[PDB]
Every structure is written in structure tokens, then in C-alpha cells.
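Student: let me give you the complex in parts, starting here:
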Amino acid sequence: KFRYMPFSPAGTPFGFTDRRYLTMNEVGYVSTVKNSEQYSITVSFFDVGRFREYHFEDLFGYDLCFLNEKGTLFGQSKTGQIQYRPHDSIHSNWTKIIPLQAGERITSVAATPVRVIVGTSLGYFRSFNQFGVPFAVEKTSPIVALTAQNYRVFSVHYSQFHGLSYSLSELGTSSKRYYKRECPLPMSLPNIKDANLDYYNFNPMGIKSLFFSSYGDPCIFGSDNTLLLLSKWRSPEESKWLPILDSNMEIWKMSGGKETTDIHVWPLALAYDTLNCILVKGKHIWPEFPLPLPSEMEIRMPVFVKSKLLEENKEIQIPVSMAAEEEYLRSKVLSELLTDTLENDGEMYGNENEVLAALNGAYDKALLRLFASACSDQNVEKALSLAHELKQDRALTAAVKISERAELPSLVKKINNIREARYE
């Protein structure tokens, strides 16, 4: 039936070459080279000042890696051989063999500041600490993907008798709270020629990458080339998965409307309103060893229909109406995310309040541009519904002036009634 494969985030298959990337993320990239029945593993970092890159001679044949800001966790899937290496070389490396049955393989590994997490193909979930003391042997649905950032752990489970699901937890040095346990995951698995089959024999789930954002929101990049962010995950009754990049559509958009195949997106990280990702050119999805600079892709809410963009353009230029629509939606979801992260986790820098104010400014500017297109069609009720969602009292006077230019005095009276409700 179905076969499980060992997964690391943004790993690359071997292909016809003798080397591949074990893992790629915002900290760095770990790659392995076949070295005549042994391997040479090079760990390089994007942060040169904090971390110094290194390499070592691997004799066990590690095919799993996880790389965070305090350690590196290697794992061999077939024998259960795992190893944790701190970066600072003050704490010692440790090496451990976990029990694997016949047909059991380690599918994915993850590391935490105070824990080390190993997941097997039969559903076992073994948690050690950072020094090698075992702490828990749980049995869950078979974990095919792990990614941890600080004390937060995000996992994806799949089985024939359970279906696709995800679990998000925050273990911490204290306050052990599990956010969601094996709730179903809204993602499309790939439709199971050799350019895609060389990858899907290696990564059957279609997970290109699995990470957290810069503010701690989980993000997943499935086989449909869309970036799904989990919004309001702290409140389980209001949680929703927001697609914020349908990257095939923006690839088609920067190419001038041409149905383009030879360029692909390989995701690495999501900073605020920007996915850092290598735009891989060629017939292969995965990048090669001379790794280019990761390009920046601004997130766009998928409300773009190709028919209207082809109709007006007789570089794809978006009309101001649906550009205002997508700016309004993107500003609303980003304002919600920034408000939740600033209210719950606080600000990690000083820039978050002012960029939230400028984001609400761009929210109101897009709402006024929708209000103008409503008033241009003599649509009083849609204009009132648009300016009813206007957030700040500063931009309501602009709507009054647009109502004056459109000659809708009943709209002026109702917006002044809205203002009368707003003074108290």
C-alpha cells in the first residue's frame, strides 16, 4: 500500500547527483555528500556572526536533520540512530539508538531548547531532553513532519486509517499547554513525468517545507504550491487556516500572463509579509549545491481571477479595484495577526506598534478605494457597508468627501449617524 519516507523540512532528493540538502530553513542549510559508502555532512549558517559553519564525516548515513538556533539533530531512519550536536561546543554531543520494530522507520525529528523529539512510522513519539535522558514514549498517529521553533512544536500526522491531521503544542520550561492534538489539516495531497516522480518517490506527502513565521504562527507549503498560515491558533474556537500565497498565481503574474513551468518556489521562511524562498529555475523543483540568494515574495491574498486580468490587459497590471480588495483583505488578516501576537506574546522589538498603525492606515486606504468604486456605480448600500467596516475616525471624513463628490446626501446623513454612534 503506502510507504513512509523520512522527512526533513525543505530537504532535497539525491536525483542523478551524489549530494543533497538534508534541511534548509532560516537558520541555515545542512547538506550531505555521498563519499564512497560514507557521507560528508556540511552545516552552513545564514547568520555568519552568531554561528560558525562546520562539517563532519558521517559514517552512519544520516538522512534526517533538524537545525535550530541552539543545536543540530541528525537522524538515521533505518536503524534509529540519532545524534544531537550543540553549536557552541560547550555542551557535549550525544548519540542514541531508539528501538525500531520491523518496518519501523524514523519519519521526522525535531529539537527544542529543553527537549528532543523523534517520531516513527508506526506512530511512536519519543521525547528526550537536550542531554539524552528519555522523558516520554507517546503513541500517536504516524508523524510525517515535524518543525519546532523555541518551545512551540508543530507536527503533521498521516495514516490510512486516521487521515491527514496536525498537532500544535507549547511545552516550555513551564506551563505545559497543548494547543491542538491531531485536528484535521486542510491541505491537498498530490495527485499520484519523471521530474515530479523523482521528488514524489522521495517526498510522497508533497510537503515542500514546514515552518513557523517570524512571530510564531505556523505555516505549511503543500504540493499545490500554496502557503497556509494558521491564524488565531491560541484560541481553539476561533482558529482558521489562511492561504496567503498561491505562488503559482504570482509566478504566472510576474511572467506577463505566460503559463510558466520552468520556475518553481522552494520555501524557506516567512518574515512579516514576506516569504524568503529560492526561485528555482530548471526542470527540477529542488535547488542544487551552488545555492543562489533566496528571493523575497510578498504575500498576496488569493482573490485574483485570471479571466479578468486577461480581459483588461487585452507584466500583468492589476486594476485598482481588486488591488484595493486584496490590499484590504491582506491588511485585515495581517492586522489581526499582528494584534494577536502583540497582545499575547508581546513585542519582541520596537517596530511592531508603528507597523501595525501603518497597516491599519493601508487598511483604511484600501477601504476608501473600495468605497469610491461603490459610489461610482450609485451604490449607496454597498458604500455604507464598506464605510461601516472603516476602522479609524480619521478616514471617515474622506468618505464624506467622496460622498460629496458622488452626490449621495442620504449616505452623508447615515455616515454622520455612524459618527454620532462613534463619539460615545
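Tutor: Cool, got the structure. Numbers count the residues shown, from 1 in each chain, chains lettered A, B, ... in the order given.
Student: when you work out contacts or count neighbours from here on, use the C-alpha atoms and nothing else.
Tutor: Fine.
Student: show me which residues of whichever strand or helix holds residue A:332 are buried.
Tutor: Assigned by DSSP states H and E, residue A:332 belongs to helix A:320-344. Neighbour counts over helix A:320-344 (16 or more other CA atoms under 10 Å) mark A:321-335, A:337-338, A:340-342 as buried.
Student: distance from that helix to the middle of the chain?
Tutor: The chain centroid and the centroid of helix A:320-344 are separated by 17 Å, computed with CA atoms, centre = their mean, to the nearest Å.
Student: which strands or helices does it pack on?
Tutor: Here helix A:320-344 touches helix A:352-376, going by 3 or more CA pairs under 8 Å, 6 or more residues apart in numbering; DSSP states H and E.
Student: show the subsequent helix or strand relative to the helix it packs on.
Tutor: Heading C-terminal from helix A:352-376 (DSSP H and E), you reach helix A:380-388.
Student: angle of that following helix against helix A:352-376?
Tutor: 170 degrees (axes from the mean of the first three to the mean of the last three CA atoms, to 10 degrees).
Student: so what's the residue count around residue A:307?
Tutor: Residue A:307 has 8 neighbours, counted by other CA atoms under 10 Å.
Student: what's the domain layout of chain A?
Tutor: Per the record, chain A has its domains at A:2-303, A:304-424, by CATH domains of a matching chain.
Student: please, where are all the strands along the stretch 51-200 of chain A?
Tutor: A:54-58, A:64-67, A:71-75, A:81-86, A:94-97, A:106-111, A:116-120, A:124-128, A:134-139, A:143-149, A:152-157, A:165-170, A:177-184 (DSSP state E, counting those that start in this stretch).
Student: here's chain B, drop it on:
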Amino acid sequence: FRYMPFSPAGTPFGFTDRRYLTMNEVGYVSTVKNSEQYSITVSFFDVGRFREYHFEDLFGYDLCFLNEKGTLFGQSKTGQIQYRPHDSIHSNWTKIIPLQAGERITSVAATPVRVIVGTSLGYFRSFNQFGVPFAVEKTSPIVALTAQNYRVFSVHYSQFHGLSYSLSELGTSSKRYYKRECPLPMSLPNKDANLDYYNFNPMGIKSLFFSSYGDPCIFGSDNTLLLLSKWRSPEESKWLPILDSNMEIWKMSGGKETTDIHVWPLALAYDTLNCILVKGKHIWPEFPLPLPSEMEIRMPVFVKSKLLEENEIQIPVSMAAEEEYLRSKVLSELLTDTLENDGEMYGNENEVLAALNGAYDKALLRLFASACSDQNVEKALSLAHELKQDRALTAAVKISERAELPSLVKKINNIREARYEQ
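Tutor: Okay, here's chain B dropped in alongside the others:
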């Protein structure tokens, strides 16, 4: 999977130019194929409120949601939806939904506040009633939608998640997911009418709506109307099968299996399923659509073998007593759930609780008499535990003295004393 478009109480073509799109308690929407052009006729059961209307369709609207204020059409291939309010003081609007390669709109929904598009890849899209979008979200792939009074009941299915349902509610501040993608207990289906219907509707959902008091209800391929009880508290929610319609048709026909009478559901009001009783080789309504009949809610505690060996079917006294007891129990807990949170809606319900508790106590007294007939003390005492009010215990102590059984009385009097004293 096919992922065919779904509209509630939708009827297939079936080598016929005319088919229905959506039937609810307010009316029905039908389409006519005519010279590569469709003609949409919408018609309302309440003919005294306003007027039915015809219009011209050059797009092929195979999706429709009909409410009391508007009609939302949708095209599954191109994605062009259109909202038409019934009164002419509100203008219609038309939107083109973005779709991917091989992506179709599976079901649409329209609230007086909200306009909802459900998509075969899970792209749950929301709008207000004037077409301004509010949210784009990815869920498990939609196969069914309904909504009323900013409450959204969705049913999802995929090969990697299975059957599930969601119970969203949108307040003005934030969204609230009551039960997000919890698994649904609806049985999927397993000759020409069957092939035509399950080619049109592979999920087998005949209809999917809300009750008149806001309770979600579903009618699938097993002809079993399920109601979602205790949905306001997600830790206590039960899916109650409140109608087994095959049992009701077998009881109506007189103990004879039939293959020419089926049911097509429209809506559920309190104690009554408003539905079309179809007659014919097909299971869907035809062009002379009859007046919508009503079927009473009957809990499936009826044994076919016992009813055929006992005998219009004359129901035995004990099975009827159990039927009334269970139906009064589930209706009491549902109505107490609705009025303690949502308040009064028609104002007659405060007497409905009193009459229904009287029927509940009456059915418990018939079970009391049936248990005391066979001289069972402890079973009758367990029945006497569940009595609601004090006035039922007077008839209970009347029955136990008639059957010369004082050992029941010595405990029923103590239960009465502990009830009124504490």
C-alpha cells in the same frame, strides 16, 4: 472523487429538460434547457407575500441557495455567482470567484447578512450581502453548505480527511467555530433512478438545513433525518436520528414494502418535517410538484418483526409509550437548549414546555402501568425516578395501590418527600 455541485433538495435532469435547483420552506428554483440557453423560474410557496419570477440564463447556473430575502446562483465551472434580492429596491450583483485548474464550486449559501461560496479544494470564501469579501479560508473540501442568521453549517469530504462537518458562527467582532471538522455520522450510499441520482449527487445528501429553532438537520441517502442536539456546548453534542423515513413509509403503507413512494425533505419545523411525498419510479419530484405535506418526528425504536407479528398498523401500548417518552425527552432538552440561550422567538413555547412535560409524564405513567402489570418492583421504581413533577406521583401511587404492591409505595412516598422537602 467526483465533487459534483450541491444545492439543497436539488433534483437531477434525468433525460428531461426541466429540473429543480433548490427547494426550501420559502420556495423552489427550477431550470429549463432551451436552445443551448437556460431559463430559471423561481417560485415561492407563500404566494401572498410576493411574486414568482422567470429570468434568462446564458451561463448555466447549476448552483442555487434560496432564502427569504434573496437568491444566490452560482456556476460550478466558471465560478460566476450572482445574488438577486427579491424586492427591486435592492440591486442584484454578480461576482466571478477565482478558481484553479480543475477547481469547482461545490455549494453556495446565502444569509441576510452573509454570502458564502464553498469550493472543491476547500476554499471557503465569505462576502457580505453586497459582494464585499470578508474572509478567504482553506478548509477540508466542501461538499455541502447551508446558513441562516449568521450560522453556517458545512459538510466536508475528501480522500484524506473523510466525512466531517463544521458549525461556524459569525458575530460582528470575531468568528466562532463550535465544532470544527468533527466527524459526521451520515452513512454514504453504496436501478436507473439510483444511477442517475448518485451520478448527480455522489454524497447522497438529499437535503441539509437548519431547524426552525436554529438546530442543524441533515437528510442523507439512508432516508434518516438527523438533528444535531446540544450543539451550543461542544462537549455534550449528540447527533440524534429523529426520523427513519423508511420506517414511517412502511408504517403508512400498512406493513407492506413499497418501491413507488419515497420522500423529499424541504425543512423542519417543531415536531413537523415539511417535505414532498414523491410518487413514481424516481425518487425526486417531477413537474407537477404537489402541495408540501408534513411528517411527524418518530424516533426509530420500532421493530419491524414485532409489528408484523402483532398485526394502518396498530402500535402496541408499551412501544407507543416508549416512543412518546423518548420523543418528549429529546424535544424537551432541545427546546430548553433553545430558549435558555436564544430567548423566545414566537412566544408560544412557554406553554409548549408545559404541554410537552405533561405528555412526558403521561408516557412515563403508561410505562409505569405497563411495568406494574408484570409485577416488576425495581423496574417501576427506576421509572418512578425519572418523573418530572409532583402531580404524576399521585397517579403513580394510584396505580401501585391498584396492583396490591406496597413495597413500591414505601419508596415512592420517600422519593416524594425528598422531592418536595428538598
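Student: ok chain B is loaded, check what packs on helix A:320-344 again?
Tutor: Here helix A:320-344 touches helix A:352-376, strand B:133-138, going by 3 or more CA pairs under 8 Å, 6 or more residues apart in numbering or on different chains; DSSP states H and E.
Student: do I have it right that residue A:366 meets residue A:324?
Tutor: Yes. Using CA atoms under 8 Å, residue A:366 makes contact with residue A:324 at a distance of 4.7 Å.
Student: OK, now which residue of chain A is nearest to chain B?
Tutor: Of all residues in chain A, residue A:305 sits closest to chain B, at 4.4 Å by CA to the nearest CA.
Student: which residues touch that residue?
Tutor: Applying CA atoms under 8 Å, 6 or more residues apart in numbering or on different chains, one finds that residue A:305 lies in contact with B:96-99.
Student: for the nearest residue to residue A:277 once chain neighbours are set aside, list the residues it contacts.
Tutor: What sits nearest to residue A:277 in space, not counting adjacent residues and going by CA to CA, 6 or more residues apart in numbering or on different chains, is residue A:267, at 4.3 Å. By CA under 8 Å, 6+ apart, the contact set of residue A:267 is A:10, A:208-209, A:221, A:275-278.
Student: from these, which would you call buried?
Tutor: Among the contacts of residue A:267, those classed as buried by 16 or more other CA atoms under 10 Å in any protein chain shown are A:10, A:208-209, A:221, A:275-278.
Student: so who does the closest residue to residue A:131 other than its chain neighbours touch?
Tutor: Spatially, and ignoring its direct neighbours in sequence, residue A:131 is nearest to residue A:94 (6.9 Å; CA to CA, 6+ apart). Going by CA under 8 Å, 6+ apart, residue A:94 touches A:83-85, A:131-132.
Student: let's have these in a markdown table, adding neighbour count.
Tutor: Listed next are the contacts of residue A:94 as a markdown table, based on neighbours: other CA atoms under 10 Å in any protein chain shown:
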| residue | neighbour count |
| --- | --- |
| A:83 | 17 |
| A:84 | 22 |
| A:85 | 19 |
| A:131 | 17 |
| A:132 | 16 |
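Student: next one is chain C, place it on the structure:
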Amino acid sequence: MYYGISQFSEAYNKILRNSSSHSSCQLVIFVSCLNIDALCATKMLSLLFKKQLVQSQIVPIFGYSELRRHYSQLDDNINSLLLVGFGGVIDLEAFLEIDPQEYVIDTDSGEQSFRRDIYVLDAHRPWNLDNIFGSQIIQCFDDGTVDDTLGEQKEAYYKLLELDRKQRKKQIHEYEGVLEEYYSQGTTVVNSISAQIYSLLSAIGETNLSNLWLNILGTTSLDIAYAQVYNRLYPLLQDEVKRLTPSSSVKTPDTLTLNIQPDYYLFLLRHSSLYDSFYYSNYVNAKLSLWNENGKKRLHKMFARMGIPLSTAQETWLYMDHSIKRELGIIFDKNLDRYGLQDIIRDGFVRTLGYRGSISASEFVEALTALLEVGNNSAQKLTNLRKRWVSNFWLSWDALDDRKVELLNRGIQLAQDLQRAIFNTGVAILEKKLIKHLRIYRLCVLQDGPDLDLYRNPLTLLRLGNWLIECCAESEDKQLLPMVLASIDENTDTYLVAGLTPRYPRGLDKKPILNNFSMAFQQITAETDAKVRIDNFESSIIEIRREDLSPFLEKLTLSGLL
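Tutor: Now chain C, sitting on the chains shown earlier:
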């Protein structure tokens, strides 16, 4: 002992903690000039300090007195000193008059710190026990022979220094006998400086293709007389080449590639003719005896047997018909077994970039060695001559750059001319039989010959010496004997004397032989009143007067420490 390999990185951090300052220069690297290994080592160190911005002063030093003159004039602001290719044999406190009392700062608690750090990057395995053990200021970059071999001498020296009748004599004389058994031992090399500095770069993480190529050159330069070192260090270089190579292609002007391909044991194959490559090779003349006319007849006969015409063989390798050079490996495999040249087959590293041609590691290190050699009242002549080879060393440093391939081609032409001169003087030695048998050592004295002014250079005399050792090593009829090679300089009027170790033939495959000439040279210098120069970093290189030559050789053959 003071720096094992796993803490080389730590040592580099200490260098930063003494030298990472933008305002002042504080790091001076003393490099032993006239050594390819030290040249490549200092090139990798200079690239590493350029990438991190450490101020530096690279000073090439020839003699020990030149070292003492340069260290005596050093400013007190300098706190980091790197000694590349030397400083591992002598006692640096006894030589540079180092006393720790005037160099100590903030001794207060058992902690000691100094105002100057002197690091040693030396490959000569006789390590001075005071220098490696009892010295805080002199810090050694040891390969790891101290943890495996030098433990008995460690405990003997520690209980010698700790304890300043029969028990005292019985233990102290025993430990002094162990220490004097470790001393009076010959000089050998088992590791290269470039390998240690590339291990440091692997510990830091500054490895790239250029530093790997410099490490390959530094390892390859020891393949003449220290083939066990190259055979030991070859798999690490193979792993590093296969690690830092790209995924794959078409020849394009920007893609530098560095392949492990068959690079035969020949002198300048890709920049000369095939006839001149076989004719001037040390191994081919070592086996087939090309110095007489019969060897030339046999070389022409094997050219007839290989199917290569002499018109095609004497043509330049770049202009050679590739119906000869494409299947040259098959021709080598089929034909060289009958003439005994099976060991010509050897896999090496070949680097090319753009369309300017391929270069091997062996051709590059002979080009660099030639650029060291002939790249461009008596005490003034010696000072000017030392300045001339320092200028030669900096010309060869200029040839290491990628943008200066004209210097590399000049080095190729100089290598061809110098090998012609070496071949002519070698057959001059072999024809008239100036090699004399002295029953403990073999003596070869050059009184006059063609272009004898090239042999005032050390490495040219070592090239002639390795020519003679390769030519006499394949002759099994005379056993392994050390060689004394003396060359006269008329203007200076001095015999420059080189001590050459013998070696086993290359086809065999054990314990390396040591260099026992430094012990005898030091003992004869101490006992006799010979005015001689010991200042060379290779201690087998001395300068004697003409009139004191024969008593020096008589005292050498009387001494039994050869």
C-alpha cells in the same frame, strides 16, 4: 602538547584576542622562505586573516641568524608571532634570549599571562622538550605525535624538572637516559603545515576551493622525499575534493573545476612534449637508466612499442594529436608493464578554469619550486644573496594568485631550463664517477661543471640530491647509504654541503628513515674549530670553507652518528 588538533580553533581565537584591532598592527608572521609548504601555509593564513581583517606583517626568513636579527628589532607592541615551517627543533628561549620575567603581565591565584605569543608551525618531528612542555610563551601546533609517542619523555621531563644517593641517581640518570635517547634522533616529517592549517580552517569554517587547492599544493610538494606523508594525507584530500565540488557540464569561462583524474608521475607533462616528459623524469631515468646511451635506445624502443611516433611525441602536449593522448591511459596500461614503469599510473588533482588550460598539482609545485630557485667583503655578498632569494620567494608568492598566470608560465619555462641543467650535471656526475664509497656514507663533491652558480641555491642542490637518490635507489647492488653532496662557490669560496637521506624504491610498500646528519654536524662543530654555518632551517645544509672541507669529512667518517 599545548595545542592538540581539536583546539587549533581555540588558538586562532587567542590570536584574535591579541590582534583583532583596526588601529594598530599586532600580528607578525615569520615564514621560513625556500619552502613550498610554508608558502602555501602562509597563503592560506593570509587569506584567512584578510577575510576577517587582521593586520599582519609577513616576513620571510632564510637563516637562524636572520631570525635572531628580525626578532631582536621587533617592537614591543607586537603580541602575536607565527613561526611557519621552522622553530620546532631548537630551544627558542635559549636562542632568542627569552626570559619570562620581563614578558609577564598580570600574574595575579595560579594564572599566568604574557604580553607576547609566539606560535610554531613546524613539521620537523624532533620536538624540543623544553619548547613543547616547559614553555608557556612558545605555543606549538602539534599534529598529535605527543599523545601517542612522546608520553614516556613527558613523564621523564616532568620528574626531571620537579625533583631539582642510589635512589636519586637511579631514577634521575634513568630519566636523563630516556631524554638523551629521544634526543640524538634523526629528523623526519610525517605531516604538512598546510594540512594542519586546513584542519584549523575546517574547525573554524572558512574552507573553500582556493584554500583546498593551496592545501593540495602543500601536500603534493612533499611527494619527492616524503611519499608516505602524501600517501597518508591523500584520502582526506579526496574526501575534501568530493565534498566541495559542485553538482556537475559544458566548458564555460567562469566554472573552475578541480578533478581527481590520472596525473602521471612525470615532469611537466601538460606543458612540455611527451618525449621531454619521459626524458627528464626522475622515475623513468631511475628505472630505465636514461643517463647512458643504452637508456636512450630503450626509450626510443618503447616509443616504437607504444605506437607513438617521435614526431608526435616531441610535439607539444597542447598541440598533440589526441588520437595519442585520449587513450594514453590504455597505452600506459598495456605497454609500461614490460619496461617496469607500472608506477607511472597515479591519480592526482587537476585544476582548470575558463579556457586557459589545465594544471596539475605536481606541475604547479615544480613551477613554484623553480620560482623559488632561479626566480630572478663576503658578508655583503651573502646579505645581497639572501635578499635575492627573499625576492624570489615573493615572486613565487605572486605566482600563487589566479590573475598572474604569466608568472606561472615563467615558472614553467624556468622549471624546464633548471631541469635541463640538473639533468646535464647529473649525467656529468654519473659519467665520470665522482660518487665515492666511504663504507658508512656516499660522497659526491662537485669541483667544476656546467653552470655551477645555480648550486649556491639550497633547493637546486636538493633537486640534484633527489635526482641522485632516485637514480641510485633503484640500483639494488649498492645498499641504502646516506649521501653528502658538496658544491663549491668560487666567489664566496665555500663548499655548501647537503645531507641527503636514501629511500626505498617507489614500487615497494614501512618505517621511514631518519636524517642523521644534523647530530654529526653539531658534534663536529662543537668539538672542532671549523668556521661553519648552521643557520639553515634544514639542519643538513651547512657551509664550510674550501680548506677545511677534507678535515670535516675525515671527522665525519670517523664519527659513527651517520
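Student: chain C added, so what about what packs on helix A:320-344 now?
Tutor: Partner elements for helix A:320-344 (3+ CA pairs under 8 Å, 6+ apart): helix A:352-376, strand B:133-138.
Student: residue C:493 is nearest to which of the ones you listed?
Tutor: Closest approach to residue C:493 among the helices and strands packed on helix A:320-344 is made by helix A:352-376 (82.8 Å; CA to CA).
Student: skip the chain neighbours and tell me the closest residue to residue A:409.
Tutor: residue A:403 is the one closest to residue A:409 (CA to CA, 6+ apart), at 7.3 Å.
Student: contacts only, for that neighbour.
Tutor: Shown in contact with residue A:403 (CA under 8 Å, 6+ apart): A:375, A:409, A:411-412.
Student: check residue C:457 too.
Tutor: By CA under 8 Å, 6+ apart, the contact set of residue C:457 is residue C:373.
Student: with the one 3 residues further on instead?
Tutor: When contacts are counted by CA under 8 Å, 6+ apart, residue C:460 touches C:373, C:422, C:454.
Student: secondary structure element for the nearest residue to the second one once chain neighbours are set aside?
Tutor: Distances taken as CA to CA, 6+ apart place residue C:464 nearest to residue C:422, at 6.0 Å, with adjacent residues excluded. Assigned by DSSP H and E, residue C:464 falls within helix C:458-473.
Student: who does the helix or strand following that helix pair up with?
Tutor: Using DSSP H and E, the helix or strand that follows helix C:458-473 in sequence is strand C:483-489. Strand pairing for strand C:483-489, determined by DSSP bridges: strand C:442-446 (parallel), strand C:494-500 (antiparallel).
Student: how far does stretch C:527-543 stretch from one end to the other?
Tutor: 17 Å (CA to CA, to the nearest Å).
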